[PDB]
Amino acid sequence: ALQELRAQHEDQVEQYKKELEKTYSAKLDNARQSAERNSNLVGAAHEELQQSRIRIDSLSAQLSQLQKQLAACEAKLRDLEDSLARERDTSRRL
Amino acid sequence: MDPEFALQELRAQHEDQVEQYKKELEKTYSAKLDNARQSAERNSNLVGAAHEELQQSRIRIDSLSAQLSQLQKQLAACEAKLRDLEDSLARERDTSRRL
Amino acid sequence: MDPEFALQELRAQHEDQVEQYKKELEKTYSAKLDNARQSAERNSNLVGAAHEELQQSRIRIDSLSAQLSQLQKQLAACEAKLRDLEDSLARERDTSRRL
Amino acid sequence: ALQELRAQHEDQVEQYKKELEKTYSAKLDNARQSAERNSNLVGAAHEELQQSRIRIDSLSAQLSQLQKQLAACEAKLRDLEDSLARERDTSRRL
């Protein structure tokens with residue numbers, strides 16, 4: 001009875017261990033799978049933000065081009081205002 | 001003699017017509033002067049208003065450029081939190097591969 | 001009699017001076033006409049160039065607005081990847097609290 | 001000798017188990033700590049992106065205001081161009 005109980009226990013522990021290591025291997029593999037998917041959703045969010053980064057770099061360059069164009073328009077209007085001021089003052093002298 | 005009375009009357013006709021012409025000319029000249037004065041003042045007022053509005057627009061574009069720079073700064077810090085996140089998830093990946 | 005020769009000579013003096021004045025007036029008038037023509041053509045050319053440049057600037061601002069919208073779309077998708085990341089890290093947090 | 005070996009083994013397994021559960025509790029706690037820090041770096045990146053979101057909403061509103069202002073400038077220039085065209089044509093008629 002004693003050695004029968006001890007042999008029965010040893011087989012139970014042997015079965016428990018194999019079931020333990022198999023679950024421990026499944027845990028380590030699912031932690032790998034769920035972490036990878038997280039890593040691209042990390043990296044994809046990074047690359048989509050970097051795309052936006054360089055779009056606003058382009059937007060700032062285009063704002064500077066627009067600013068030069070309006071500055072040239074203003075210089076033409078200053079010239080025109082000068083010429084029209086001379087004509088106004090001439091009419092005032094008549 | 002007799003032609004002398006036609007001379008005198010021609011002269012008198014001429015002086016009446018010169019006076020009439022002087023009045024007609026002065027009225028026409030003052031109307032064209034007024035019309036030219038009003039058009040000159042309006043063209044100067046218009047070009048000044050247009051010019052002023054453009055100076056306003058340039059101030060607005062200067063502000064927009066400054067705000068784009070702050071937006072750059074804001075999106076830089078967002079990239080930092082994303083890189084550290086990349087980093088620690090990669091730390092967990094490396095440690096998991098080594099079991 | 002004798003005054004008649006002063007009359008005739010006065011008339012002759014007057015006709016010479018009227019002819020001189022006609023020439024002087026025609027030259028002055030043509031110069032002021034040319035000056036006014038050139039200034040009018042230049043003012044029209046200037047305001048047309050200014051106006052055209054402003055139409056160019058409006059096209060540029062229409063483009064900038066369109067690009068801001070695409071930037072909105074790009075940053076929306078970035079928020080999606082950040083929310084799902086939020087979501088799965090929260091999934092791991094909840095599961096860890098339950099041990 | 002037999003029962004001495006079996007008692008010695010039982011004490012070893014008892015000591016191994018307590019050392020196992022203590023390490024298993026330390027593992028579960030560090031996974032909690034490292035995941036939290038990851039979660040704010042997630043959420044802080046989210047809130048800083050949302051801040052940028054509403055800045056560009058403001059930028060688009062300001063672009064529309066600027067567009068109206070330039071459209072009003074253009075209408076003044078059209079008026080001025082009309083008036084100057086009439087003066088040009090008048091000078092051409094002289």
# chains A, B, ... in the order shown; residues from 1 in each chain; ligands from 1
>>> closest_atom_pairs(of="chain C", to="chain A", cutoff="8 Å", atoms="only C-alpha atoms", output="CSV")
residue,atom,partner,partner_atom,distance
C:43,CA,A:80,CA,6.4
C:46,CA,A:80,CA,6.5
C:47,CA,A:80,CA,7.1
C:49,CA,A:76,CA,7.8
C:50,CA,A:73,CA,5.2
C:53,CA,A:73,CA,6.2
C:54,CA,A:73,CA,7.0
C:57,CA,A:66,CA,6.3
C:60,CA,A:66,CA,7.0
C:64,CA,A:59,CA,7.0
C:67,CA,A:59,CA,7.9
C:71,CA,A:52,CA,6.3
C:74,CA,A:52,CA,6.6
C:75,CA,A:49,CA,6.9
C:77,CA,A:48,CA,7.6
C:78,CA,A:45,CA,5.0
C:79,CA,A:45,CA,7.5
C:81,CA,A:41,CA,5.2
C:82,CA,A:45,CA,6.4
C:84,CA,A:41,CA,7.3
C:85,CA,A:38,CA,6.0
C:88,CA,A:38,CA,7.1
C:89,CA,A:38,CA,7.9
>>> write_last_selection(atoms="N, CA and C atoms", output="PDB file, in the first residue's frame")
ATOM      1  N   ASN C  43      -0.054 102.966 -65.017  1.00  0.00           N
ATOM      2  CA  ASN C  43      -0.901 102.696 -63.858  1.00  0.00           C
ATOM      3  C   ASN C  43      -1.806 101.505 -64.126  1.00  0.00           C
ATOM      4  N   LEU C  46       0.397  98.467 -63.907  1.00  0.00           N
ATOM      5  CA  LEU C  46       0.769  98.149 -62.531  1.00  0.00           C
ATOM      6  C   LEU C  46      -0.374  97.484 -61.772  1.00  0.00           C
ATOM      7  N   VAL C  47      -1.582  98.051 -61.860  1.00  0.00           N
ATOM      8  CA  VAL C  47      -2.700  97.484 -61.119  1.00  0.00           C
ATOM      9  C   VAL C  47      -3.060  96.107 -61.672  1.00  0.00           C
ATOM     10  N   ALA C  49      -0.844  93.923 -62.924  1.00  0.00           N
ATOM     11  CA  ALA C  49       0.168  93.023 -62.383  1.00  0.00           C
ATOM     12  C   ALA C  49      -0.096  92.710 -60.915  1.00  0.00           C
ATOM     13  N   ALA C  50      -0.443  93.729 -60.128  1.00  0.00           N
ATOM     14  CA  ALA C  50      -0.766  93.498 -58.724  1.00  0.00           C
ATOM     15  C   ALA C  50      -1.952  92.558 -58.587  1.00  0.00           C
ATOM     16  N   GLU C  53      -1.033  88.986 -59.416  1.00  0.00           N
ATOM     17  CA  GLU C  53      -0.264  88.342 -58.351  1.00  0.00           C
ATOM     18  C   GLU C  53      -1.165  87.911 -57.209  1.00  0.00           C
ATOM     19  N   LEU C  54      -2.204  88.696 -56.928  1.00  0.00           N
ATOM     20  CA  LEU C  54      -3.121  88.322 -55.864  1.00  0.00           C
ATOM     21  C   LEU C  54      -3.936  87.091 -56.246  1.00  0.00           C
ATOM     22  N   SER C  57      -1.763  84.244 -55.456  1.00  0.00           N
ATOM     23  CA  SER C  57      -1.717  83.987 -54.023  1.00  0.00           C
ATOM     24  C   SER C  57      -2.961  83.263 -53.531  1.00  0.00           C
ATOM     25  N   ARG C  60      -2.595  79.656 -54.269  1.00  0.00           N
ATOM     26  CA  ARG C  60      -1.681  79.054 -53.308  1.00  0.00           C
ATOM     27  C   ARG C  60      -2.373  78.778 -51.980  1.00  0.00           C
ATOM     28  N   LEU C  64      -2.994  75.310 -49.890  1.00  0.00           N
ATOM     29  CA  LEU C  64      -2.580  75.123 -48.506  1.00  0.00           C
ATOM     30  C   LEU C  64      -3.722  74.572 -47.668  1.00  0.00           C
ATOM     31  N   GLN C  67      -4.085  70.885 -48.415  1.00  0.00           N
ATOM     32  CA  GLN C  67      -3.030  70.107 -47.777  1.00  0.00           C
ATOM     33  C   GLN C  67      -3.244  69.994 -46.276  1.00  0.00           C
ATOM     34  N   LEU C  71      -3.458  66.555 -44.144  1.00  0.00           N
ATOM     35  CA  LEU C  71      -2.728  66.424 -42.890  1.00  0.00           C
ATOM     36  C   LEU C  71      -3.662  66.005 -41.762  1.00  0.00           C
ATOM     37  N   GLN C  74      -4.176  62.348 -42.258  1.00  0.00           N
ATOM     38  CA  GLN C  74      -2.997  61.594 -41.844  1.00  0.00           C
ATOM     39  C   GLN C  74      -2.910  61.489 -40.327  1.00  0.00           C
ATOM     40  N   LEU C  75      -3.190  62.584 -39.616  1.00  0.00           N
ATOM     41  CA  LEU C  75      -3.096  62.561 -38.162  1.00  0.00           C
ATOM     42  C   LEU C  75      -4.266  61.829 -37.518  1.00  0.00           C
ATOM     43  N   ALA C  77      -5.459  58.882 -38.788  1.00  0.00           N
ATOM     44  CA  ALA C  77      -4.996  57.499 -38.830  1.00  0.00           C
ATOM     45  C   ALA C  77      -3.906  57.244 -37.798  1.00  0.00           C
ATOM     46  N   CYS C  78      -3.054  58.239 -37.540  1.00  0.00           N
ATOM     47  CA  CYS C  78      -2.067  58.101 -36.475  1.00  0.00           C
ATOM     48  C   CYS C  78      -2.746  57.942 -35.122  1.00  0.00           C
ATOM     49  N   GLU C  79      -3.850  58.658 -34.906  1.00  0.00           N
ATOM     50  CA  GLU C  79      -4.585  58.499 -33.658  1.00  0.00           C
ATOM     51  C   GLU C  79      -5.209  57.115 -33.547  1.00  0.00           C
ATOM     52  N   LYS C  81      -3.896  54.209 -34.687  1.00  0.00           N
ATOM     53  CA  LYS C  81      -2.860  53.278 -34.253  1.00  0.00           C
ATOM     54  C   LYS C  81      -2.485  53.508 -32.796  1.00  0.00           C
ATOM     55  N   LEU C  82      -2.658  54.737 -32.306  1.00  0.00           N
ATOM     56  CA  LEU C  82      -2.373  55.037 -30.909  1.00  0.00           C
ATOM     57  C   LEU C  82      -3.484  54.546 -29.990  1.00  0.00           C
ATOM     58  N   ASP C  84      -5.600  51.851 -30.636  1.00  0.00           N
ATOM     59  CA  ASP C  84      -5.476  50.399 -30.567  1.00  0.00           C
ATOM     60  C   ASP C  84      -4.311  49.996 -29.675  1.00  0.00           C
ATOM     61  N   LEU C  85      -3.213  50.745 -29.749  1.00  0.00           N
ATOM     62  CA  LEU C  85      -2.089  50.526 -28.848  1.00  0.00           C
ATOM     63  C   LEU C  85      -2.490  50.758 -27.396  1.00  0.00           C
ATOM     64  N   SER C  88      -4.713  47.595 -26.432  1.00  0.00           N
ATOM     65  CA  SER C  88      -4.085  46.316 -26.128  1.00  0.00           C
ATOM     66  C   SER C  88      -3.177  46.402 -24.910  1.00  0.00           C
ATOM     67  N   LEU C  89      -2.522  47.546 -24.688  1.00  0.00           N
ATOM     68  CA  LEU C  89      -1.775  47.702 -23.444  1.00  0.00           C
ATOM     69  C   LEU C  89      -2.714  47.735 -22.246  1.00  0.00           C
TER      70      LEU C  89
END
>>> residues_around(residues="residue 93 of chain D", least_positions_apart="5", cutoff="12 Å", atoms="only C-alpha atoms", output="JSON, numbers by chain")
{"C": [33, 36, 37], "D": [86, 87, 88]}
>>> calpha_fit_and_write(fixed="chain D", moving="chain A", output="JSON list (two decimals) with N, CA and C atoms, in the first residue's frame")
[["chain", "number", "residue", "atom", "x", "y", "z"],
["A", 1, "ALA", "N", 18.11, 5.41, 6.80],
["A", 1, "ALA", "CA", 18.68, 6.08, 5.63],
["A", 1, "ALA", "C", 17.59, 6.45, 4.62],
["A", 2, "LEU", "N", 16.64, 5.53, 4.42],
["A", 2, "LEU", "CA", 15.54, 5.79, 3.49],
["A", 2, "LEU", "C", 14.69, 6.96, 3.96],
["A", 3, "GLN", "N", 14.14, 6.87, 5.17],
["A", 3, "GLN", "CA", 13.28, 7.93, 5.67],
["A", 3, "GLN", "C", 14.06, 9.22, 5.92],
["A", 4, "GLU", "N", 15.36, 9.12, 6.16],
["A", 4, "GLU", "CA", 16.17, 10.32, 6.29],
["A", 4, "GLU", "C", 16.31, 11.03, 4.95],
["A", 5, "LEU", "N", 16.51, 10.26, 3.87],
["A", 5, "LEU", "CA", 16.60, 10.84, 2.54],
["A", 5, "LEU", "C", 15.26, 11.45, 2.13],
["A", 6, "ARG", "N", 14.15, 10.80, 2.48],
["A", 6, "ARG", "CA", 12.84, 11.31, 2.08],
["A", 6, "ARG", "C", 12.46, 12.56, 2.86],
["A", 7, "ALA", "N", 12.84, 12.63, 4.14],
["A", 7, "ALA", "CA", 12.59, 13.85, 4.90],
["A", 7, "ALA", "C", 13.46, 14.99, 4.38],
["A", 8, "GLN", "N", 14.72, 14.70, 4.04],
["A", 8, "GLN", "CA", 15.59, 15.73, 3.48],
["A", 8, "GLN", "C", 15.04, 16.26, 2.17],
["A", 9, "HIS", "N", 14.52, 15.37, 1.32],
["A", 9, "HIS", "CA", 13.94, 15.81, 0.05],
["A", 9, "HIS", "C", 12.70, 16.67, 0.26],
["A", 10, "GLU", "N", 11.86, 16.32, 1.23],
["A", 10, "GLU", "CA", 10.64, 17.09, 1.46],
["A", 10, "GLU", "C", 10.96, 18.51, 1.90],
["A", 11, "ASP", "N", 12.00, 18.67, 2.73],
["A", 11, "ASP", "CA", 12.39, 20.01, 3.15],
["A", 11, "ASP", "C", 12.98, 20.80, 1.99],
["A", 12, "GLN", "N", 13.70, 20.12, 1.09],
["A", 12, "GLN", "CA", 14.23, 20.80, -0.08],
["A", 12, "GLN", "C", 13.11, 21.29, -0.99],
["A", 13, "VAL", "N", 12.10, 20.44, -1.22],
["A", 13, "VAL", "CA", 10.98, 20.83, -2.07],
["A", 13, "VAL", "C", 10.19, 21.96, -1.43],
["A", 14, "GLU", "N", 10.04, 21.92, -0.10],
["A", 14, "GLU", "CA", 9.37, 23.01, 0.59],
["A", 14, "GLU", "C", 10.12, 24.32, 0.42],
["A", 15, "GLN", "N", 11.45, 24.27, 0.50],
["A", 15, "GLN", "CA", 12.24, 25.49, 0.31],
["A", 15, "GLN", "C", 12.21, 25.94, -1.14],
["A", 16, "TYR", "N", 12.23, 24.99, -2.08],
["A", 16, "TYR", "CA", 12.18, 25.35, -3.49],
["A", 16, "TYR", "C", 10.85, 26.03, -3.83],
["A", 17, "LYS", "N", 9.74, 25.51, -3.30],
["A", 17, "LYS", "CA", 8.43, 26.07, -3.62],
["A", 17, "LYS", "C", 8.32, 27.51, -3.15],
["A", 18, "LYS", "N", 8.68, 27.77, -1.89],
["A", 18, "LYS", "CA", 8.60, 29.14, -1.38],
["A", 18, "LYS", "C", 9.48, 30.09, -2.19],
["A", 19, "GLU", "N", 10.67, 29.64, -2.58],
["A", 19, "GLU", "CA", 11.51, 30.47, -3.45],
["A", 19, "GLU", "C", 10.89, 30.62, -4.83],
["A", 20, "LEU", "N", 10.17, 29.60, -5.31],
["A", 20, "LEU", "CA", 9.49, 29.71, -6.59],
["A", 20, "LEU", "C", 8.34, 30.72, -6.53],
["A", 21, "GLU", "N", 7.45, 30.59, -5.53],
["A", 21, "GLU", "CA", 6.32, 31.52, -5.44],
["A", 21, "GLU", "C", 6.78, 32.95, -5.22],
["A", 22, "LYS", "N", 7.89, 33.16, -4.52],
["A", 22, "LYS", "CA", 8.36, 34.52, -4.30],
["A", 22, "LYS", "C", 8.88, 35.14, -5.59],
["A", 23, "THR", "N", 9.55, 34.35, -6.43],
["A", 23, "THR", "CA", 10.02, 34.85, -7.71],
["A", 23, "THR", "C", 8.85, 35.05, -8.68],
["A", 24, "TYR", "N", 7.88, 34.14, -8.64],
["A", 24, "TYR", "CA", 6.69, 34.28, -9.47],
["A", 24, "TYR", "C", 5.89, 35.53, -9.10],
["A", 25, "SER", "N", 5.89, 35.91, -7.82],
["A", 25, "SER", "CA", 5.23, 37.15, -7.42],
["A", 25, "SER", "C", 6.03, 38.37, -7.85],
["A", 26, "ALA", "N", 7.36, 38.27, -7.85],
["A", 26, "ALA", "CA", 8.18, 39.38, -8.31],
["A", 26, "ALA", "C", 8.07, 39.56, -9.82],
["A", 27, "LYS", "N", 7.93, 38.46, -10.57],
["A", 27, "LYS", "CA", 7.71, 38.57, -12.01],
["A", 27, "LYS", "C", 6.40, 39.28, -12.31],
["A", 28, "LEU", "N", 5.31, 38.86, -11.65],
["A", 28, "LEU", "CA", 4.01, 39.46, -11.92],
["A", 28, "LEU", "C", 3.98, 40.94, -11.55],
["A", 29, "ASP", "N", 4.82, 41.36, -10.61],
["A", 29, "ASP", "CA", 4.81, 42.76, -10.19],
["A", 29, "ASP", "C", 5.63, 43.64, -11.13],
["A", 30, "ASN", "N", 6.75, 43.12, -11.65],
["A", 30, "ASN", "CA", 7.55, 43.90, -12.60],
["A", 30, "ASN", "C", 6.86, 44.02, -13.95],
["A", 31, "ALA", "N", 6.14, 42.98, -14.37],
["A", 31, "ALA", "CA", 5.31, 43.10, -15.57],
["A", 31, "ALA", "C", 4.26, 44.18, -15.40],
["A", 32, "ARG", "N", 3.76, 44.37, -14.18],
["A", 32, "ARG", "CA", 2.82, 45.45, -13.90],
["A", 32, "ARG", "C", 3.51, 46.81, -13.99],
["A", 33, "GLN", "N", 4.71, 46.92, -13.43],
["A", 33, "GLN", "CA", 5.39, 48.22, -13.38],
["A", 33, "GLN", "C", 5.81, 48.68, -14.77],
["A", 34, "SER", "N", 6.48, 47.80, -15.52],
["A", 34, "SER", "CA", 6.95, 48.17, -16.85],
["A", 34, "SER", "C", 5.80, 48.42, -17.82],
["A", 35, "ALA", "N", 4.64, 47.81, -17.61],
["A", 35, "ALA", "CA", 3.51, 48.02, -18.51],
["A", 35, "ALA", "C", 2.82, 49.35, -18.24],
["A", 36, "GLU", "N", 2.79, 49.80, -16.99],
["A", 36, "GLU", "CA", 2.18, 51.08, -16.66],
["A", 36, "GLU", "C", 2.94, 52.22, -17.32],
["A", 37, "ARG", "N", 4.26, 52.27, -17.11],
["A", 37, "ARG", "CA", 5.09, 53.30, -17.73],
["A", 37, "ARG", "C", 4.87, 53.32, -19.24],
["A", 38, "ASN", "N", 4.71, 52.15, -19.85],
["A", 38, "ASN", "CA", 4.39, 52.09, -21.27],
["A", 38, "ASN", "C", 3.04, 52.71, -21.56],
["A", 39, "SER", "N", 2.10, 52.64, -20.62],
["A", 39, "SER", "CA", 0.73, 53.08, -20.89],
["A", 39, "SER", "C", 0.59, 54.59, -20.91],
["A", 40, "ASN", "N", 1.39, 55.31, -20.12],
["A", 40, "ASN", "CA", 1.34, 56.77, -20.17],
["A", 40, "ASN", "C", 2.09, 57.30, -21.37],
["A", 41, "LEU", "N", 3.28, 56.76, -21.63],
["A", 41, "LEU", "CA", 3.97, 57.05, -22.88],
["A", 41, "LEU", "C", 3.10, 56.72, -24.08],
["A", 42, "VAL", "N", 2.14, 55.81, -23.92],
["A", 42, "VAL", "CA", 1.08, 55.66, -24.91],
["A", 42, "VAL", "C", 0.11, 56.83, -24.81],
["A", 43, "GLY", "N", -0.46, 57.03, -23.62],
["A", 43, "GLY", "CA", -1.50, 58.04, -23.45],
["A", 43, "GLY", "C", -0.99, 59.46, -23.57],
["A", 44, "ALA", "N", 0.26, 59.70, -23.16],
["A", 44, "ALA", "CA", 0.84, 61.03, -23.33],
["A", 44, "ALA", "C", 1.08, 61.34, -24.80],
["A", 45, "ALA", "N", 1.53, 60.34, -25.57],
["A", 45, "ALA", "CA", 1.64, 60.51, -27.01],
["A", 45, "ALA", "C", 0.27, 60.73, -27.64],
["A", 46, "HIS", "N", -0.77, 60.09, -27.09],
["A", 46, "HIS", "CA", -2.12, 60.31, -27.60],
["A", 46, "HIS", "C", -2.57, 61.75, -27.34],
["A", 47, "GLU", "N", -2.39, 62.24, -26.12],
["A", 47, "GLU", "CA", -2.89, 63.57, -25.79],
["A", 47, "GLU", "C", -2.08, 64.66, -26.47],
["A", 48, "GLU", "N", -0.79, 64.43, -26.71],
["A", 48, "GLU", "CA", -0.01, 65.43, -27.44],
["A", 48, "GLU", "C", -0.36, 65.44, -28.92],
["A", 49, "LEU", "N", -0.76, 64.29, -29.46],
["A", 49, "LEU", "CA", -1.26, 64.27, -30.83],
["A", 49, "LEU", "C", -2.62, 64.94, -30.93],
["A", 50, "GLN", "N", -3.49, 64.73, -29.93],
["A", 50, "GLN", "CA", -4.79, 65.39, -29.95],
["A", 50, "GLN", "C", -4.65, 66.90, -29.83],
["A", 51, "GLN", "N", -3.67, 67.37, -29.05],
["A", 51, "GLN", "CA", -3.38, 68.80, -29.02],
["A", 51, "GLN", "C", -3.01, 69.30, -30.42],
["A", 52, "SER", "N", -2.16, 68.57, -31.13],
["A", 52, "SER", "CA", -1.80, 68.97, -32.49],
["A", 52, "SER", "C", -3.00, 68.94, -33.42],
["A", 53, "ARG", "N", -3.89, 67.96, -33.22],
["A", 53, "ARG", "CA", -5.12, 67.87, -34.01],
["A", 53, "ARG", "C", -5.88, 69.19, -34.00],
["A", 54, "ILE", "N", -6.12, 69.75, -32.82],
["A", 54, "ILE", "CA", -6.97, 70.93, -32.76],
["A", 54, "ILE", "C", -6.19, 72.19, -33.13],
["A", 55, "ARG", "N", -4.86, 72.16, -33.10],
["A", 55, "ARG", "CA", -4.10, 73.29, -33.63],
["A", 55, "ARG", "C", -4.30, 73.43, -35.13],
["A", 56, "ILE", "N", -4.26, 72.32, -35.87],
["A", 56, "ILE", "CA", -4.48, 72.41, -37.30],
["A", 56, "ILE", "C", -5.92, 72.73, -37.63],
["A", 57, "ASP", "N", -6.87, 72.38, -36.76],
["A", 57, "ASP", "CA", -8.23, 72.87, -36.93],
["A", 57, "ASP", "C", -8.28, 74.39, -36.84],
["A", 58, "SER", "N", -7.52, 74.97, -35.91],
["A", 58, "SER", "CA", -7.41, 76.42, -35.84],
["A", 58, "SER", "C", -6.71, 76.98, -37.07],
["A", 59, "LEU", "N", -5.64, 76.31, -37.52],
["A", 59, "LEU", "CA", -4.91, 76.79, -38.68],
["A", 59, "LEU", "C", -5.80, 76.82, -39.92],
["A", 60, "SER", "N", -6.69, 75.84, -40.06],
["A", 60, "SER", "CA", -7.59, 75.85, -41.21],
["A", 60, "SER", "C", -8.61, 76.97, -41.11],
["A", 61, "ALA", "N", -9.09, 77.27, -39.90],
["A", 61, "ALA", "CA", -9.99, 78.40, -39.72],
["A", 61, "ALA", "C", -9.30, 79.71, -40.06],
["A", 62, "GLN", "N", -8.03, 79.86, -39.67],
["A", 62, "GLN", "CA", -7.31, 81.10, -39.96],
["A", 62, "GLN", "C", -6.99, 81.23, -41.44],
["A", 63, "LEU", "N", -6.74, 80.11, -42.12],
["A", 63, "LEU", "CA", -6.55, 80.16, -43.56],
["A", 63, "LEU", "C", -7.80, 80.65, -44.26],
["A", 64, "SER", "N", -8.98, 80.24, -43.78],
["A", 64, "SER", "CA", -10.22, 80.71, -44.39],
["A", 64, "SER", "C", -10.42, 82.21, -44.16],
["A", 65, "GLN", "N", -10.09, 82.70, -42.96],
["A", 65, "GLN", "CA", -10.16, 84.13, -42.69],
["A", 65, "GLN", "C", -9.21, 84.91, -43.59],
["A", 66, "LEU", "N", -7.99, 84.40, -43.77],
["A", 66, "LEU", "CA", -7.04, 85.04, -44.67],
["A", 66, "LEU", "C", -7.55, 85.04, -46.10],
["A", 67, "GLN", "N", -8.22, 83.96, -46.50],
["A", 67, "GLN", "CA", -8.72, 83.88, -47.87],
["A", 67, "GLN", "C", -9.80, 84.93, -48.12],
["A", 68, "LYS", "N", -10.69, 85.14, -47.14],
["A", 68, "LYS", "CA", -11.71, 86.19, -47.27],
["A", 68, "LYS", "C", -11.07, 87.57, -47.36],
["A", 69, "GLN", "N", -10.02, 87.80, -46.59],
["A", 69, "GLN", "CA", -9.35, 89.09, -46.60],
["A", 69, "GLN", "C", -8.69, 89.36, -47.95],
["A", 70, "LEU", "N", -8.05, 88.35, -48.53],
["A", 70, "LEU", "CA", -7.45, 88.54, -49.85],
["A", 70, "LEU", "C", -8.52, 88.68, -50.93],
["A", 71, "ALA", "N", -9.67, 88.02, -50.74],
["A", 71, "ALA", "CA", -10.76, 88.18, -51.70],
["A", 71, "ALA", "C", -11.32, 89.60, -51.67],
["A", 72, "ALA", "N", -11.37, 90.22, -50.49],
["A", 72, "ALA", "CA", -11.80, 91.61, -50.40],
["A", 72, "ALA", "C", -10.76, 92.54, -51.01],
["A", 73, "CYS", "N", -9.47, 92.24, -50.81],
["A", 73, "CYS", "CA", -8.42, 93.02, -51.46],
["A", 73, "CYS", "C", -8.55, 92.93, -52.98],
["A", 74, "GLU", "N", -8.82, 91.73, -53.49],
["A", 74, "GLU", "CA", -8.97, 91.55, -54.93],
["A", 74, "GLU", "C", -10.15, 92.35, -55.46],
["A", 75, "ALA", "N", -11.24, 92.43, -54.69],
["A", 75, "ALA", "CA", -12.40, 93.19, -55.18],
["A", 75, "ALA", "C", -12.09, 94.69, -55.26],
["A", 76, "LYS", "N", -11.30, 95.21, -54.31],
["A", 76, "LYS", "CA", -10.86, 96.59, -54.40],
["A", 76, "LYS", "C", -9.97, 96.80, -55.62],
["A", 77, "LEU", "N", -9.07, 95.85, -55.90],
["A", 77, "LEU", "CA", -8.19, 96.00, -57.06],
["A", 77, "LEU", "C", -8.97, 95.91, -58.36],
["A", 78, "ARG", "N", -10.00, 95.06, -58.42],
["A", 78, "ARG", "CA", -10.86, 95.02, -59.61],
["A", 78, "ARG", "C", -11.54, 96.36, -59.85],
["A", 79, "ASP", "N", -12.10, 96.95, -58.78],
["A", 79, "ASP", "CA", -12.67, 98.30, -58.86],
["A", 79, "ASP", "C", -11.63, 99.30, -59.34],
["A", 80, "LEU", "N", -10.45, 99.30, -58.72],
["A", 80, "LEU", "CA", -9.42, 100.24, -59.11],
["A", 80, "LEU", "C", -9.00, 100.01, -60.55],
["A", 81, "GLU", "N", -8.89, 98.75, -60.96],
["A", 81, "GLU", "CA", -8.50, 98.46, -62.33],
["A", 81, "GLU", "C", -9.57, 98.95, -63.30],
["A", 82, "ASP", "N", -10.84, 98.82, -62.92],
["A", 82, "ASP", "CA", -11.92, 99.35, -63.76],
["A", 82, "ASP", "C", -11.78, 100.85, -63.93],
["A", 83, "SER", "N", -11.57, 101.58, -62.83],
["A", 83, "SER", "CA", -11.47, 103.04, -62.90],
["A", 83, "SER", "C", -10.26, 103.47, -63.70],
["A", 84, "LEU", "N", -9.12, 102.80, -63.50],
["A", 84, "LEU", "CA", -7.92, 103.17, -64.23],
["A", 84, "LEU", "C", -8.04, 102.80, -65.71],
["A", 85, "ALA", "N", -8.76, 101.73, -66.03],
["A", 85, "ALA", "CA", -9.01, 101.40, -67.43],
["A", 85, "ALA", "C", -9.82, 102.49, -68.12],
["A", 86, "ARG", "N", -10.81, 103.06, -67.42],
["A", 86, "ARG", "CA", -11.60, 104.14, -68.01],
["A", 86, "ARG", "C", -10.75, 105.37, -68.25],
["A", 87, "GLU", "N", -9.84, 105.68, -67.33],
["A", 87, "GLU", "CA", -8.95, 106.82, -67.53],
["A", 87, "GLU", "C", -7.97, 106.57, -68.68],
["A", 88, "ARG", "N", -7.40, 105.36, -68.74],
["A", 88, "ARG", "CA", -6.55, 105.00, -69.87],
["A", 88, "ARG", "C", -7.29, 105.18, -71.20],
["A", 89, "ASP", "N", -8.47, 104.57, -71.32],
["A", 89, "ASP", "CA", -9.23, 104.68, -72.57],
["A", 89, "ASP", "C", -9.58, 106.13, -72.88],
["A", 90, "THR", "N", -9.90, 106.94, -71.86],
["A", 90, "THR", "CA", -10.15, 108.36, -72.10],
["A", 90, "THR", "C", -8.92, 109.03, -72.71],
["A", 91, "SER", "N", -7.75, 108.81, -72.12],
["A", 91, "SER", "CA", -6.53, 109.37, -72.69],
["A", 91, "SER", "C", -6.30, 108.87, -74.11],
["A", 92, "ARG", "N", -6.68, 107.63, -74.41],
["A", 92, "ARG", "CA", -6.53, 107.14, -75.78],
["A", 92, "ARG", "C", -7.48, 107.87, -76.74],
["A", 93, "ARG", "N", -8.64, 108.32, -76.25],
["A", 93, "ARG", "CA", -9.58, 109.05, -77.09],
["A", 93, "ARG", "C", -9.13, 110.48, -77.38],
["A", 94, "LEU", "N", -8.30, 111.06, -76.52],
["A", 94, "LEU", "CA", -7.64, 112.31, -76.82],
["A", 94, "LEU", "C", -6.50, 112.09, -77.81]]
>>> atom_distance(atom1="atom CA of residue 39 of chain C", atom2="atom CA of residue 40 of chain B")
13.5 Å
>>> closest_residue(among="C:42, C:93, C:14, C:51", to="chain B", atoms="only C-alpha atoms")
C:51
>>> closest_residue(among="B:41, B:9, B:86, B:94", to="chain C", atoms="only C-alpha atoms")
B:86
>>> closest_residue(among="B:98, B:27, B:91, B:58", to="chain C", atoms="only C-alpha atoms")
B:58
